[PDB]
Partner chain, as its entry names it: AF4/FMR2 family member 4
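Shown here is one chain on its own, the form deposited without its partner chain, set out as structure tokens.
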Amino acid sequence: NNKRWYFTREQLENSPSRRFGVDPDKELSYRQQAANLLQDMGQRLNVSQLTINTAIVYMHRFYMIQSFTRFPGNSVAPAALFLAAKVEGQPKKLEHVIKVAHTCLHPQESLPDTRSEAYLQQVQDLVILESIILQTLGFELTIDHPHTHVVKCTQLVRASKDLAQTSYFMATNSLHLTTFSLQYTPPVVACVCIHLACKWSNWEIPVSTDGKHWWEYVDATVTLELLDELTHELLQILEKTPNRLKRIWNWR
């Protein structure tokens, strides 16, 4: 279905994790931690932000079916990334993903002997988890990201390199920090990112010659009311994230 992986706010309140007693705020943090683990492992494994973003959507979607109480993020993230790197044409070896996941999760610990039963078991656990991910997602692995649509806007607005770079930053951070990927279509999310980047940079996109606003050329469902509501939500979580806004802050 076209709306299979899009959920209402009520559907997000009554999540699989909620059924097992996980408070909403706790679940949001569990999601944010998984995204951070994916980013960390992805950078170390030298995979693209695209691959990382794909693994983040697999994670988000997986947890709309499964609970953090039965499947810890520290277990799912490596398997989600292992799968996303294959899907995105950057395959990384299973022993390689295990080596990296281990150092991220146990910086001071030492990787077991690759001949041990403890190690052979964690290799099997990843393969089993990849399989559970594939089945949970019903093998729907082709992800569309807001980034694709940001390119379209930043040209059809003649945005500075600066504005465009800030918009991609918003797009990536929306995956780490929000559940927008579970609620809004990638073109909508792309509009949210451009709108906030503009507000942040004090950039104003003028009204088209036809009397139409820029977003009307991107998505018919998009309204200023929604854009302001979503940019506010994204900005709030950004302000709560230590050092994140510093990355895009004009220090001059």
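Here, rigid core means the biggest group of C-alpha atoms that superpose within 1.5 Å across both forms. Positions refer to the first chain, counted from 1.
Superposing the other copies on the rigid core and comparing 150 to 158 to 178 to 186, farther C-alpha placement in 6 other deposited structures of this protein marks 150 to 158. The rigid core fit leaves 141 to 149 as the farther-lying stretch in 6 other deposited structures of this protein, judged by Cα positions and set against 125 to 133 and 141 to 149. Relative to its counterpart among 206 to 214 and 180 to 188, 206 to 214 has the higher mean temperature factor, C-alpha atoms as listed in the PDB entry. In this entry, the higher average B-factor at the C-alpha atoms falls on 4 to 12, of the pair 4 to 12 and 242 to 250. Annotation for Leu137, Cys153, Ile143, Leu126: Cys153 ranks highest, by Cα B-factor. Of the candidates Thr172, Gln108, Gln90, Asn74, the PDB record gives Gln108 the highest C-alpha temperature factor. Among the modelled residues of the chain, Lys86 sits in the lowest third by CA temperature factor in this PDB entry.
Ranked by Cα temperature factor within the chain, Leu120 sits in the highest third according to the deposited record. Residue-level temperature factors show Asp40 in the lowest third of its chain, judged at the C-alpha atom. The deposited CA B-factor of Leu50 belongs to the lowest third of values across its chain. Ranked by Cα temperature factor within the chain, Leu224 sits in the highest third according to the deposited record.
The next section is about a form of this same protein that is not shown, the form solved in complex with its partner chain.
Contact between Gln165 and its partner chain in the entry with it bound is found at the 4.5 Å heavy atom cutoff.
At a distance threshold of 4.5 angstroms between non-hydrogen atoms, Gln236 is in contact with its partner chain in the entry with it bound. A residue is said to contact a partner when one of its heavy atoms sits within 4.5 Å of a partner heavy atom; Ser201 meets this definition for its partner chain in the entry with it bound. In the entry with it bound, at least one heavy atom of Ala159 sits within 4.5 Å of its partner chain. Taking a 4.5 Å heavy atom cutoff to its partner chain in the entry with it bound, the contact residue among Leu196, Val222, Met59, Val189 is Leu196.
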